[PDB]
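> Would you be able to build a 3D model of this:
(2 chains)
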Amino acid sequence: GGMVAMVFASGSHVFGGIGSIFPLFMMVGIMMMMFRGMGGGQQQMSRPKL
Amino acid sequence: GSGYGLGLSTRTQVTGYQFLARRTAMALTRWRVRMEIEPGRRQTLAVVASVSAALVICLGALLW
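Residues are numbered from 1 along each chain as shown, chains lettered A, B, ... in the order given. Dropping the coordinates below:
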């Protein structure tokens, strides 16, 4: 968010409108890895073995 | 009764149903439940790969 804010304060205004699709999809992709993803050493169970 | 309506559910019940769905689906097309290998999965994954490759290319065009 800081990168986008820095660019907006700088005045490029490149991310306005449809250009925003790059930050938006990245922010969503990061969200998937941190909350879901896969279990650790104490979570050996998974769909392929169950 | 039981099982009817919109009651609560859990994540183990969601995968459990998908297993019964795959196993019953091949029983209609191949008439056997042995399921030595599970081709329905692979045929579906290949489509998802096809769609993803289309999206990667058009995002590449927008970047241009």
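
> Could you report the distance from the residue in chain A positioned nearest to chain B to residue A:38?
With C-beta to the nearest C-beta as the measure, residue A:47 is the residue of chain A nearest to chain B, at 6.2 Å. Every residue, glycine included, has its C-beta placed from N, CA and C. Applying C-beta to C-beta, to the nearest Å, the value for residue A:47 to residue A:38 is 10 Å.

> again, but for residue A:14
36 Å.

> Mind checking which of those two has more residues around it?
A count of neighbours by other C-beta atoms under 10 Å in any protein chain shown puts residue A:14 above the other of residue A:14 and residue A:38, at 12 against 8.

> Setting the sequence-adjacent residues aside, check what's closest to that one.
Leaving out its chain neighbours, the residue that sits closest to residue A:14 by C-beta to C-beta, 6 or more residues apart in numbering or on different chains is residue A:7, at 6.9 Å.

> is it true that that neighbour touches residue A:16?
No: in terms of C-beta atoms under 8 Å, residue A:7 does not count as a neighbour of residue A:16; the distance is 10.4 Å.

> Residue B:3 in helix, strand or coil?
Applying DSSP: H, G, I helix; E, B strand; the rest coil to residue B:3 yields a three-state assignment of coil.

> Residue A:25: how many residues sit nearby?
12.

> can you tell if the one helix or strand it maps to touches chain B?
Assigned by DSSP states H and E, residue A:25 belongs to helix A:21-35. Yes: interface with chain B: helix A:21-35 contributes A:21, A:22 (C-beta under 8 Å from any C-beta of the partner chain).

> starting at the chain centroid, how far to that helix?
2 Å (C-alpha atoms, centre = their mean, to the nearest Å).

> ok, now which ones touch the closest residue to chain A within chain B?
Chain A sits closest to residue B:15 of chain B, with a gap of 6.2 Å, by C-beta to the nearest C-beta. Listed by C-beta atoms under 8 Å, 6 or more residues apart in numbering or on different chains, the contact set of residue B:15 reads A:47, A:50.

> can we see that at 7 Å?
residue A:47 (C-beta atoms under 7 Å, 6 or more residues apart in numbering or on different chains).
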